[PDB]
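J.: Let me begin by handing over the structure; questions about it come next.
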Amino acid sequence: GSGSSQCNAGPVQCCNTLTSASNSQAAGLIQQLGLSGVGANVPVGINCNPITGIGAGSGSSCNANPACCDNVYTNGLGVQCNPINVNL
């Protein structure tokens with residue numbers, strides 16, 4: 001097991017903050033990568049990494065905010081991050 005059982009759009013992500021692309025944190029990153037097409041209502045994951053360390057929490061989960069994203073860039077910017085159910 002890799003720990004990425006959830007998320008059909010890729011591997012499981014652990015974001016420092018799940019917010020919208022209208023957030024200054026997100027757009028800062030978005031504009032760092034030069035991402036066009038991401039509107040203000042678009043979901044994004046701030047500082048997201050792939051949760052591939054089984055053992056953190058109840059197994060695989062994020063201490064901050066767990067999400068599934070369409071794309072996650074190495075700066076940690078995720079696009080289209082939907083919140084994962086972790087004892088939601």
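Identifiers for the structure tokens are assigned positionally: chains receive A, B, ... in sequence, residues are indexed from 1 per chain, and ligands are indexed from 1 in the order shown.
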Going by DSSP on the backbone, which bits of chain A are strand (DSSP E)? Write them as a PyMOL selection string, please.
T.: chain A and resi 12-15+17-20+43-46+49-50+65-68+71-72+78-79+82-83
J.: Only N, CA, C and O atoms, please: the residues just picked out, written as a short mmCIF file (atom, residue, chain, number, x, y, z; two decimals), in the first residue's frame.
T.:
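Output (out-v5.cif):
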data_model
loop_
_atom_site.label_atom_id
_atom_site.label_comp_id
_atom_site.auth_asym_id
_atom_site.auth_seq_id
_atom_site.Cartn_x
_atom_site.Cartn_y
_atom_site.Cartn_z
N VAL A 12 -3.32 11.13 -2.82
CA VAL A 12 -3.86 11.88 -1.70
C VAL A 12 -2.94 13.04 -1.33
O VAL A 12 -1.72 12.89 -1.30
N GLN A 13 -3.53 14.20 -1.06
CA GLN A 13 -2.75 15.39 -0.77
C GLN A 13 -2.99 15.89 0.65
O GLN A 13 -4.09 15.77 1.19
N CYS A 14 -1.95 16.44 1.24
CA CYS A 14 -2.00 17.03 2.57
C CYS A 14 -1.65 18.51 2.47
O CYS A 14 -0.49 18.88 2.35
N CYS A 15 -2.68 19.34 2.47
CA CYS A 15 -2.52 20.77 2.26
C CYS A 15 -2.46 21.50 3.59
O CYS A 15 -3.18 21.16 4.53
N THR A 17 -3.45 24.47 3.83
CA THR A 17 -4.70 25.20 3.80
C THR A 17 -5.52 24.84 2.56
O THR A 17 -5.02 24.93 1.44
N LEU A 18 -6.76 24.42 2.76
CA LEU A 18 -7.68 24.24 1.66
C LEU A 18 -8.54 25.49 1.53
O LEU A 18 -9.31 25.82 2.43
N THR A 19 -8.39 26.17 0.42
CA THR A 19 -9.09 27.42 0.20
C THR A 19 -9.35 27.60 -1.29
O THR A 19 -9.09 26.69 -2.09
N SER A 20 -9.89 28.75 -1.67
CA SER A 20 -10.22 29.01 -3.05
C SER A 20 -9.09 29.76 -3.73
O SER A 20 -8.25 30.37 -3.07
N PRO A 43 -11.25 25.44 -6.42
CA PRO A 43 -10.61 24.89 -5.23
C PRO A 43 -9.11 24.78 -5.41
O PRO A 43 -8.64 24.45 -6.50
N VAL A 44 -8.36 25.05 -4.37
CA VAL A 44 -6.91 24.90 -4.42
C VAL A 44 -6.39 24.39 -3.09
O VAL A 44 -7.01 24.59 -2.05
N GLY A 45 -5.25 23.74 -3.14
CA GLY A 45 -4.62 23.28 -1.93
C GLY A 45 -3.31 23.97 -1.69
O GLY A 45 -2.39 23.88 -2.50
N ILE A 46 -3.24 24.68 -0.58
CA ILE A 46 -2.07 25.44 -0.20
C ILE A 46 -1.04 24.51 0.41
O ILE A 46 -1.34 23.80 1.37
N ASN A 49 1.23 18.24 -0.13
CA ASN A 49 2.13 17.16 -0.47
C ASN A 49 1.37 15.85 -0.50
O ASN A 49 0.28 15.75 0.06
N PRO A 50 1.91 14.83 -1.16
CA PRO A 50 1.24 13.56 -1.32
C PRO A 50 1.41 12.69 -0.08
O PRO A 50 2.53 12.35 0.31
N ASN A 65 -4.99 19.62 6.24
CA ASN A 65 -6.18 19.44 5.43
C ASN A 65 -5.91 18.44 4.31
O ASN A 65 -5.07 18.68 3.44
N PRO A 66 -6.60 17.30 4.32
CA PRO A 66 -6.46 16.29 3.28
C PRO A 66 -7.34 16.60 2.07
O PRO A 66 -8.51 16.95 2.21
N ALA A 67 -6.77 16.48 0.87
CA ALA A 67 -7.50 16.82 -0.33
C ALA A 67 -7.12 15.95 -1.51
O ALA A 67 -6.12 15.24 -1.49
N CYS A 68 -7.97 15.99 -2.52
CA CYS A 68 -7.68 15.40 -3.82
C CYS A 68 -7.65 16.50 -4.85
O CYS A 68 -8.58 17.30 -4.92
N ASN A 71 -4.22 18.73 -10.15
CA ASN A 71 -2.78 18.88 -10.32
C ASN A 71 -2.18 19.48 -9.06
O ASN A 71 -2.78 20.37 -8.46
N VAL A 72 -1.02 19.00 -8.66
CA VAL A 72 -0.30 19.60 -7.55
C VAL A 72 1.14 19.86 -7.96
O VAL A 72 1.88 18.93 -8.32
N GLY A 78 -1.93 23.15 -5.23
CA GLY A 78 -2.85 22.22 -5.83
C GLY A 78 -4.00 22.93 -6.50
O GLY A 78 -4.49 23.94 -5.99
N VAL A 79 -4.43 22.41 -7.64
CA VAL A 79 -5.57 22.97 -8.35
C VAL A 79 -6.72 21.97 -8.36
O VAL A 79 -6.53 20.79 -8.67
N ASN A 82 -10.33 18.92 -3.68
CA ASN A 82 -11.55 18.64 -2.94
C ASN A 82 -11.22 17.98 -1.61
O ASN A 82 -10.40 17.06 -1.55
N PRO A 83 -11.83 18.48 -0.52
CA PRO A 83 -11.57 17.99 0.84
C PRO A 83 -11.90 16.51 1.01
O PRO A 83 -12.97 16.05 0.60
#
J.: Report the residues of chain A whose backbone DSSP state falls under helix (DSSP H, G or I), written as a list in words.
T.: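 Assigned to helix (DSSP H, G or I), within chain A: residues 24, 25, 26, 27, 28, 29, 30, 31, 32 and 33 of chain A.
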J.: Given only C-alpha atoms as the basis, pick out the residue of A:39, A:53, A:3, A:10 nearest to residue 27 of chain A.
T.: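 So, comparing all the options, the nearest one is A:39.
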J.: Any idea what's packed within 12 Å of residue 5 of chain A, counting only C-alpha atoms, ignoring anything in its chain fewer than 3 positions away? Could you give it as a ChimeraX atom specification?
T.: /A:1-2,8-13,50-52,54,59-61,68,84
J.: Just the selected residues (N, CA, C and O atoms), exported as a short mmCIF file (atom, residue, chain, number, x, y, z; two decimals), in the first residue's frame, please.
T.:
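Output saved as selection34.cif:
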data_model
loop_
_atom_site.label_atom_id
_atom_site.label_comp_id
_atom_site.auth_asym_id
_atom_site.auth_seq_id
_atom_site.Cartn_x
_atom_site.Cartn_y
_atom_site.Cartn_z
N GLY A 1 0.83 -1.23 0.00
CA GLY A 1 0.00 0.00 0.00
C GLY A 1 0.85 1.25 0.00
O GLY A 1 1.81 1.36 0.76
N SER A 2 0.49 2.21 -0.85
CA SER A 2 1.23 3.46 -0.95
C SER A 2 0.63 4.50 -0.01
O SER A 2 1.30 5.46 0.37
N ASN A 8 -9.44 10.09 -6.85
CA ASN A 8 -9.46 9.45 -8.16
C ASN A 8 -8.74 10.32 -9.19
O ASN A 8 -8.44 9.86 -10.30
N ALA A 9 -8.47 11.56 -8.82
CA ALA A 9 -7.82 12.51 -9.72
C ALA A 9 -6.31 12.50 -9.53
O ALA A 9 -5.58 13.26 -10.17
N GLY A 10 -5.84 11.63 -8.65
CA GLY A 10 -4.41 11.50 -8.42
C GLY A 10 -4.14 10.89 -7.07
O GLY A 10 -4.97 10.14 -6.55
N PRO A 11 -2.98 11.17 -6.46
CA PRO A 11 -2.67 10.71 -5.11
C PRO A 11 -3.25 11.64 -4.05
O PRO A 11 -3.63 12.78 -4.33
N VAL A 12 -3.32 11.13 -2.82
CA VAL A 12 -3.86 11.88 -1.70
C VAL A 12 -2.94 13.04 -1.33
O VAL A 12 -1.72 12.89 -1.30
N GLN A 13 -3.53 14.20 -1.06
CA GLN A 13 -2.75 15.39 -0.77
C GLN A 13 -2.99 15.89 0.65
O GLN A 13 -4.09 15.77 1.19
N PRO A 50 1.91 14.83 -1.16
CA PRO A 50 1.24 13.56 -1.32
C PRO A 50 1.41 12.69 -0.08
O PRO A 50 2.53 12.35 0.31
N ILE A 51 0.29 12.34 0.54
CA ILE A 51 0.30 11.59 1.79
C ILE A 51 0.67 10.15 1.51
O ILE A 51 -0.19 9.30 1.31
N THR A 52 1.95 9.87 1.51
CA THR A 52 2.42 8.54 1.20
C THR A 52 3.20 7.95 2.37
O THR A 52 3.96 7.00 2.21
N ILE A 54 2.23 6.17 5.44
CA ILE A 54 1.23 5.48 6.24
C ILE A 54 1.68 5.37 7.69
O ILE A 54 2.77 4.89 7.98
N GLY A 59 -3.84 6.29 9.91
CA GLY A 59 -3.28 5.52 8.83
C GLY A 59 -2.69 6.43 7.78
O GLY A 59 -1.57 6.91 7.93
N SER A 60 -3.45 6.68 6.73
CA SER A 60 -3.08 7.72 5.79
C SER A 60 -4.05 8.88 5.93
O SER A 60 -5.26 8.73 5.73
N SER A 61 -3.53 10.04 6.31
CA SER A 61 -4.35 11.22 6.53
C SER A 61 -3.47 12.45 6.67
O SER A 61 -2.24 12.35 6.74
N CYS A 68 -7.97 15.99 -2.52
CA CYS A 68 -7.68 15.40 -3.82
C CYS A 68 -7.65 16.50 -4.85
O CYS A 68 -8.58 17.30 -4.92
N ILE A 84 -10.99 15.79 1.63
CA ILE A 84 -11.16 14.37 1.88
C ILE A 84 -11.88 14.14 3.20
O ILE A 84 -11.71 14.91 4.15
#
J.: Work out how far atom CA of residue 56 of chain A is from atom CA of residue 25 of chain A, in Å to one decimal.
T.: 25.4 Å
J.: For residue 33 of chain A, find every residue with an atom within 10 Å (counting only C-alpha atoms), except residues of its own chain fewer than 6 positions away, and show them as a list in words.
T.: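 Returned residues: residues 27, 73, 74, 75 and 77 of chain A.
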J.: Write to file, as a PDB file, in the first residue's frame, the residues of the selection just made, with N, CA and C atoms.
T.:
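Contents of result-v4.pdb, as written:
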ATOM      1  N   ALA A  27      -3.307  32.395  -5.129  1.00  0.00           N
ATOM      2  CA  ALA A  27      -2.990  33.179  -6.318  1.00  0.00           C
ATOM      3  C   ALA A  27      -1.512  33.537  -6.369  1.00  0.00           C
ATOM      4  N   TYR A  73       1.548  21.107  -7.872  1.00  0.00           N
ATOM      5  CA  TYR A  73       2.854  21.523  -8.333  1.00  0.00           C
ATOM      6  C   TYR A  73       3.827  21.527  -7.167  1.00  0.00           C
ATOM      7  N   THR A  74       5.117  21.492  -7.484  1.00  0.00           N
ATOM      8  CA  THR A  74       6.160  21.207  -6.500  1.00  0.00           C
ATOM      9  C   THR A  74       6.304  22.310  -5.454  1.00  0.00           C
ATOM     10  N   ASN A  75       5.849  23.515  -5.781  1.00  0.00           N
ATOM     11  CA  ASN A  75       5.786  24.595  -4.798  1.00  0.00           C
ATOM     12  C   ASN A  75       4.761  24.238  -3.735  1.00  0.00           C
ATOM     13  N   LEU A  77       1.355  23.897  -4.739  1.00  0.00           N
ATOM     14  CA  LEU A  77       0.078  24.471  -5.123  1.00  0.00           C
ATOM     15  C   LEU A  77      -0.771  23.415  -5.807  1.00  0.00           C
TER      16      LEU A  77
END
J.: What separation in Å, quoted to one decimal, exists between atom CA of residue 41 of chain A and atom CA of residue 6 of chain A?
T.: 23.2 Å
J.: List the spatial neighbours of residue 37 of chain A as a PyMOL selection string - criterion: any atom at most 12 Å away, only C-alpha atoms, same-chain residues fewer than 5 positions off excluded.
T.: chain A and resi 21+27+30-31+42+79-80
